[PDB]
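Colleague: partial complex here, more coming in a sec:
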Amino acid sequence: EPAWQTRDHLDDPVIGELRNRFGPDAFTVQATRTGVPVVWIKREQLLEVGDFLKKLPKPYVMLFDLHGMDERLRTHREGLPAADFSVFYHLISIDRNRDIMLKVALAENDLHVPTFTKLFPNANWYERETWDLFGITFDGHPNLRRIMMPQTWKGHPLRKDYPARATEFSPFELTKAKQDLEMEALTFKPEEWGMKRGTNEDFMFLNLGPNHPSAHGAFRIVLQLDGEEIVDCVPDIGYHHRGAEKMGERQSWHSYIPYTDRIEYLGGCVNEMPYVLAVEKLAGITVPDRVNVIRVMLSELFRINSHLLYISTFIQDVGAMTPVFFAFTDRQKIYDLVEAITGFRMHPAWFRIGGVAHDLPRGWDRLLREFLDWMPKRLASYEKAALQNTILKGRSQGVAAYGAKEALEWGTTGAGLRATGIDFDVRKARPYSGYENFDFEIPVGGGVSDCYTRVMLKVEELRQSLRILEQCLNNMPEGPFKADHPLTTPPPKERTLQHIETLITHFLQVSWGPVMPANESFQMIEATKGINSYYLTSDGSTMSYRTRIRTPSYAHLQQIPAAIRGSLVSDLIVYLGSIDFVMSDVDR
């Protein structure tokens, strides 16, 4: 049985436990290509099912995702409950290495679900984003305001009847918005943002944004302060919203790949991989081995690039401005190899449905060998220059520390989750893209996630990525760079240029789009900054019916208030430098 085969997952023990607890008629099991059991639960039993999953012998401890879907235009809904809208809850059990997708069906008039925040605190921002983009009200939410769009925004953009394209610009709207930007400091009310007891009169309100002098993006944090002590803080995000999901509903399966590049713009091919993997799951494509090793090579190269930039920016935020120049020279070496392979520096747009855009250029191994010889001495130099310095250690150790429980309840993944002592990497637990054929280690922490522990874990991850790159250079199969499937978009170019059936396939795939049959697919990968995921719903057309991108920087920014509570502003700056987030990843 192939990995893309449609499975109902009725042999999962979670289905049997749910049947024994709630009854055989309490839910509907859906057969998908997501790889996880999809269970449609009634709305009135949602909190009961969540509590039952939370109190399992090997419980589902992390709310991985929570969002909505507009099901009004979905023609192929066979074996599904009648739904105008739906809300899905993706929960991960690390102990079982399993996950379950609960789904709640809502009518068009009764668009309200009970809040999930009493079970999982990340449901705060997840439900705020669901309300902002779909208009679904969550009863019991502490403060259900818009998180992506401004508060004075009419309509909900991810609904099907909302126009995707840009409206006409008016200087009047900009000028009045400048007026509210002017009186926002004067007319600030903490009750709007969920804060309480604002201005006792021992607290002051501090706004860091909107523009920070850093490469992680532009955003605001409002802080309740007693002197230099932070008591309450909520981040103001949505300043980097690009409508990537709404764009996914109006681009074909092939023409959306450059938009998948700019989700985490320090990731590139790392961001391209889960999307093309989920599309290949929809298409029923098993890629050959050379495609797997090429994609692994480019993903590890871009992971090293992102980790180098993150370590450099953390060192610069500490105060040492020297190693960022040398590490950007190293990034220039990586960019030289990436320019040679894909033709571009930062957003290659090189992964394809079924393979990659071109074969590897003649001489890639030379550039890879020079880069692999160049890296370790520079890494040791950066280590001895800044990451073994006592001033950097005093600035970074013990700042914004959290344990395994806090990382599990807030959906923190990547360096922080492994620094809390939990060994969970997608490249080993749920392997993808032929990662089982590479010998590499997963670094883990002692059990407490400091800034320093996360930075050293990222350094060890860079070392392991260098090991993977060495294995890619030494052992590469000789064969096709595209699959032997009719849905490989585009087909190989020489056969397009001299065969007429291949020309027909190329013509209809680049113009109208490749036709993915109606199914739901899900791919979860380990990104450069945590765990990334693409959830793609196809209605049988040439475009995505629903593109849902889960990014870890959302969860990290939501964990920001729970970890910095009771600390200083400089601790907040060091924490922001030690998260490895981009605002495009948060806001997408």
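Modeller: Here it is on my side, so go on. Numbering: from 1, shown residues only, chains lettered A, B, ... in the order given.

Colleague: where do the helices of the stretch 51-200 of chain A begin and end?
Modeller: A:123-134, A:171-183 (DSSP state H, counting those that start in this stretch).

Colleague: give me every residue that touches residue A:255.
Modeller: The contact partners of residue A:255, by C-beta atoms under 8 Å, 6 or more residues apart in numbering, come to residue A:513. Using the backbone N, CA and C atoms, a C-beta is placed for each residue, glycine as well.

Colleague: so which of the helices of the stretch 51-200 of chain A is the most surrounded?
Modeller: Comparing those by mean neighbour count (mean count of other C-beta atoms under 10 Å), helix A:123-134 comes out on top with a mean of 23.

Colleague: contacts for that one?
Modeller: A:63, A:65-68, A:70, A:85, A:87, A:111, A:115-117, A:136-138, A:141-142, A:144-149, A:156-159, A:245, A:554, A:557-558.

Colleague: repeat that for stretch A:144-157.
Modeller: By C-beta under 8 Å, 6+ apart, stretch A:144-157 touches A:125, A:127-129, A:131-135, A:137-138, A:162, A:177, A:180, A:192-193, A:237-238, A:241, A:243, A:246, A:587.

Colleague: picking up where we left off before, adding distance to residue A:216, write the helices of the stretch 51-200 of chain A out as CSV.
Modeller: Formatted as CSV, these follow (distance: least, C-beta to C-beta, whole Å):
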stretch, distance to residue A:216
helix A:123-134, 18
helix A:171-183, 22
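
Colleague: from the contact counts, what lies against the helix ranked longest in chain A?
Modeller: In chain A, taking DSSP state H as the definition, the longest helix is helix A:289-318. Judged by 3 or more C-beta pairs under 8 Å, 6 or more residues apart in numbering; DSSP states H and E, the packing partners of helix A:289-318 are helix A:269-283, helix A:323-342, strand A:355-356, helix A:364-382, helix A:390-396, helix A:451-474, helix A:569-577.

Colleague: add one more, call it chain B:
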Amino acid sequence: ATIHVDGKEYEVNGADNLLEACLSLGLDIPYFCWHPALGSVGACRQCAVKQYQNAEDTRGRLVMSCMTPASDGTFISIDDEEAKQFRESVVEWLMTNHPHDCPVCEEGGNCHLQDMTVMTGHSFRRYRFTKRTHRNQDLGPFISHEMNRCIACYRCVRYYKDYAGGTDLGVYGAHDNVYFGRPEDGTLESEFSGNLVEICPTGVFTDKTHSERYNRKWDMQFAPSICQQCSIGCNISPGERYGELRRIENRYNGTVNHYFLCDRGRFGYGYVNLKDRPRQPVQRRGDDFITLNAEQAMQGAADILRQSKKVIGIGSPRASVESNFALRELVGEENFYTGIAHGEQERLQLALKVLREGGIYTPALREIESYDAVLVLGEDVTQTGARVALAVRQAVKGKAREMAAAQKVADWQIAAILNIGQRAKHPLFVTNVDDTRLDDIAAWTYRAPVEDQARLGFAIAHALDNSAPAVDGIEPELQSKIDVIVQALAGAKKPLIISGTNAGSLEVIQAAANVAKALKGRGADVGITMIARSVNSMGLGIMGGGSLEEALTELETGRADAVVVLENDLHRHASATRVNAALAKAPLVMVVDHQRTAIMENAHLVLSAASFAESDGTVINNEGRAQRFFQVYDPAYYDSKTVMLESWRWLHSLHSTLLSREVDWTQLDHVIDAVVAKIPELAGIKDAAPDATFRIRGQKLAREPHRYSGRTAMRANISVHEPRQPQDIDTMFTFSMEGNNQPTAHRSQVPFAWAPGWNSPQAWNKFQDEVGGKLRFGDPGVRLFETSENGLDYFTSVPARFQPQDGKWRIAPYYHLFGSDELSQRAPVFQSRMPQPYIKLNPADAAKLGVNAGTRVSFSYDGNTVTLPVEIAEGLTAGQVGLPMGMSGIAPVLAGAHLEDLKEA
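Modeller: Putting chain B together with the chains above:
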């Protein structure tokens, strides 16, 4: 019937074959040679499914789903491995010889062969040998020929010969050298040869007029419109790119014009793209032609109209219901004049009275194909209402259909039906002044003047019913033919009588009404069809008004010092000298029009109105069905200086500026409400299409496909800043791809057909409830009237026989599909197709005048001597001269007029 496809049970129609039954269920089977309108032949061998004998069976057998009936308890599989392998192999065999031509082929992105190559999953070529090659032929100005792309699916020959009755397209050659085309280079003679570009699943037959300015299907902006070239009202999809009307595709209507248009509607659109059209309002001051915007034109016209003592309005059957009603509201009901002559209006009102008061059910265009005998009186259907002639051909083949059904032969087995019914056909009796294009299938043809055809009709009605008025003076041979017609009509279960206003005689319409009443009195299921002239002739007849002669009399007498002419050239309904004198005497002439007409040289004000591609409105076709047509594109999107509005918008704004001295343009639904509130006869036009607030789950209807391209570069040569998307406040459609065009959307107006995997016109199968039937949620268009409870009385006004008087010549009308409609001659592709302007002469009259064939003769009509070359017409009765109606210099009002001093120049 009960069938089981891939283990899933379905209920289908047992009289259908498995291919159309499974396509109606939403299942996908590739097919080439089968068509819903043409039946099954089993040629392309593409639709192979695996049939099993019973519920438990593992071997099966590859059967042909188009050739296999969907009987009760059938077991088939589509996704069987052997069936899929064979379908991919059939695609591969078709692709062995196919040219590497998709980038330079006009069927690219619209190709059924491309769709089925992709859908079978064939993308790898292992064939390494040569590909066969064919030379091409010149098929005329409309169809472009490329025989290399043929897959030998035999659709073209089957449609063109068996369905459309054409004789000049066939299949030649042998084993793999089969050639589909004409026996020699020449124009395709059929009036329905344009449907080959949709019948052909490949790019062998392509729209050449579209090919001149070619763009792909995904790049088109489509709208659901009504063809404006005669009164049949065929549903069309005009598609636009870069501010010009690019193509007319057939839009499916299961009640009117299901899969097929005629060549006048498909290739006569080129007047929209003419460069001499008015794009701005123009005011004539002395010798200068100054250009205004909309507001100053409205203010100036309102001021001058307010100073006038009486403003009259001359409508037209070209304009929609809303434009005519807005003109009627602006000038007043008693000052509104229909733009047609007195005789044309009298014939139109009589045909309307017969239709909506005669008690006989008038059929739709699809319903015509089920009648058992057809009598066409006076009307040249193929040149005036061509789609009715096609439906008459199908009704004639109905006898072979019945003969094959009597032998338990399935109705989709077209070859067996044609073999059983060899040459037996339902009776067709056509009367005209000469031979018609229906004569190859007609049981009898009567070449006689209009009075003699009316007398023949009155005699048929008297022989059917003795209470009908009798005709004295019938020859014994003509009486024998009369009783042959009467015996054929009386034995028919469903007789159909077709007449119209194009014969130029009231008595022909009266005789057809008498025949229909006599057949109704015998208990027969008689239907009556009346063919009008223009797109909204029925609408102008229902709304009514004075004739053009009364308007010219008011202008000449000085009682009217202001005339507003709406979408009328005024020369097809009256003499040019009289119109020019009356318009020159008027101190204000104001022409609201979208085509540069000859009456704008004396016009004081010209309003740049919109054509059907740039306007919304309602038109009433010949059967009395109200149909809404929608705007295709915004003319001001590309050229921002273009101020071209709807005619009803112009006239409503003029009425508002005349009354309240303020400008209000309108919304379209406001004008629709005004029409249905003030004219109860036109109250049914509200249900023709839903209002502008109609949504499909909250979103509008997309005009263009979702892969519409060039949004940030197509206007970049003017300005790099992208403009506002045009807002359509009038209708429910949006000028963007941000809309709904789902096949399952609860709507009736479909701008274009597209399904994922079905890019060709075969996506209409996805847009129908059953394949070849109606649309899923009904067809657009609502009949304005029901059939009457009681009929009329017999028309006792029997005319005398035609007497050829000396020194005078009766003008026999000759109509052409290319040349008689006013707007179609303006299309520059038609001048290569329109015939040379002739004059038809009987051999005895030509010998009496000493003129041969081809010599020039000069005749004076209304004191205007024009010369034409002589063509000898054998079937024309003596004492008559035949003139081509609607051409240059020959108005259609000249039908039945007398001609003086016809003499060789």
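
Colleague: same question on the contacts of residue A:255, but with chain B included?
Modeller: By C-beta atoms under 8 Å, 6 or more residues apart in numbering or on different chains, the contact list for residue A:255 reads residue A:513.

Colleague: let me know the helix or strand that the closest residue in space to residue A:502 that isn't next to it in sequence is in.
Modeller: Take residue A:502 and drop its neighbours on the chain: the residue closest to it by C-beta to C-beta, 6 or more residues apart in numbering or on different chains is residue A:495, 4.1 Å away. Remark: residue A:495 resides in helix A:493-498, with elements defined by DSSP states H and E.

Colleague: now do the buried residues in that helix.
Modeller: Residues of helix A:493-498 classed as buried: A:495-496 (neighbour count, 16 or more other C-beta atoms under 10 Å in any protein chain shown).

Colleague: one step back: and the angle from the longest helix of chain A to helix A:569-577?
Modeller: Angle between the axes of helix A:289-318 and helix A:569-577 is 160 degrees (criterion: axes from the mean of the first three to the mean of the last three C-alpha atoms, to 10 degrees).

Colleague: helix A:289-318: how far from the chain's middle?
Modeller: 16 Å (C-alpha atoms, centre = their mean, to the nearest Å).

Colleague: in that helix, what's buried?
Modeller: Of the residues in helix A:289-318, those buried (16+ other C-beta under 10 Å) are A:290-318.

Colleague: ditto for stretch A:36-44
Modeller: Buried positions in stretch A:36-44, judged by neighbour count with 16+ other C-beta under 10 Å: A:36-42.

Colleague: other residues contacting that stretch?
Modeller: A:8-9, A:12, A:14-15, A:18, A:26-32, A:49, A:80-81, A:90, A:98-106, A:113-114, A:520, A:522.

Colleague: which stretches of the stretch 801-905 of chain B form strands?
Modeller: Assigned by DSSP state E, counting those that start in this stretch, the stretch 801-905 of chain B shows strands spanning B:808-814, B:839-841, B:856-860, B:865-872, B:880-884, B:898-904.

Colleague: as chain C, please add this:
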Amino acid sequence: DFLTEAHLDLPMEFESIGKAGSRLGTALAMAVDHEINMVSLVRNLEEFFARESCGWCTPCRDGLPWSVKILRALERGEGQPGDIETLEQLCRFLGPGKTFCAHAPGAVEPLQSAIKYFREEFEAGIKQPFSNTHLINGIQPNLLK
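Modeller: Time to bring in chain C:
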């Protein structure tokens, strides 16, 4: 279908020849000696059958010339791997019920019988490696394995 010398002791009935993997037909047998190359004989047969196609239906009309070209390539030793497999697939997909009439099953009967009984003559024509594509400068080919 071609029959070997082992089938020579069989009565000339419909059932007996039908049970041997052939047909009685017109019962006018034709004898092939050792001097006749089976590939050339089957090429002559298929050339007749391809040029006497009526052109109505796709498998015979567009698949018999493919078999003709394959057998012509095998005649001069220009056959490539996949040719005999293509001939066998053509024999399976031009059987009874797959074409509009019974001309193409009779066309592919000698080809499948000669491939069954004399495969060593068809394998002798496959000399050149398979090449459907030529090199295009600047585009690296997709080297399928």
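
Colleague: could you re-examine the contacts of stretch A:144-157 with chain C now present?
Modeller: For stretch A:144-157, using C-beta under 8 Å, 6+ apart, the contacting residues are A:125, A:127-129, A:131-135, A:137-138, A:162, A:177, A:180, A:192-193, A:237-238, A:241, A:243, A:246, A:587.

Colleague: touching, residue B:98 and residue B:133? I think so.
Modeller: No. With contacts counted by C-beta atoms under 8 Å, residue B:98 stays clear of residue B:133, the gap being 11.3 Å.

Colleague: what does chain A have sitting close to chain C?
Modeller: Proximity of chain A to chain C (C-beta under 8 Å from any C-beta of the partner chain) is limited to residues A:288, A:358-359, A:478-482, A:484, A:492-495, A:497-499.

Colleague: which one of those is nearest residue B:17?
Modeller: Lowest distance from residue B:17 to these (C-beta to C-beta) belongs to residue A:499, with 34.2 Å.

Colleague: measure that closest one to residue B:131 for me?
Modeller: For residue A:499, the distance to residue B:131 equals 11 Å [C-beta to C-beta, to the nearest Å].

Colleague: now swap in residue A:421 and tell me
Modeller: On the measure of C-beta to C-beta, residue A:421 and residue B:131 end up 67 Å apart.

Colleague: swap in residue A:202?
Modeller: 87 Å.

Colleague: neighbours of the residue in the stretch 651-800 of chain B that chain A sits nearest to, how many?
Modeller: When scored by C-beta to the nearest C-beta, the stretch 651-800 of chain B has residue B:698 as its residue closest to chain A, at 3.3 Å. Residue B:698: 14 surrounding residues under other C-beta atoms under 10 Å in any protein chain shown.

Colleague: next up, the contacts around it.
Modeller: A:72, A:159-161.

Colleague: same question, residue B:429
Modeller: B:374-376, B:442-446, B:485, B:488.

Colleague: partner strands of the one helix or strand it maps to and their direction?
Modeller: In this assignment (DSSP H and E), residue B:429 forms part of strand B:428-432. Using DSSP bridges, the strands paired with strand B:428-432 are strand B:373-377 (parallel), strand B:444-447 (parallel).

Colleague: fine by me, thanks again.
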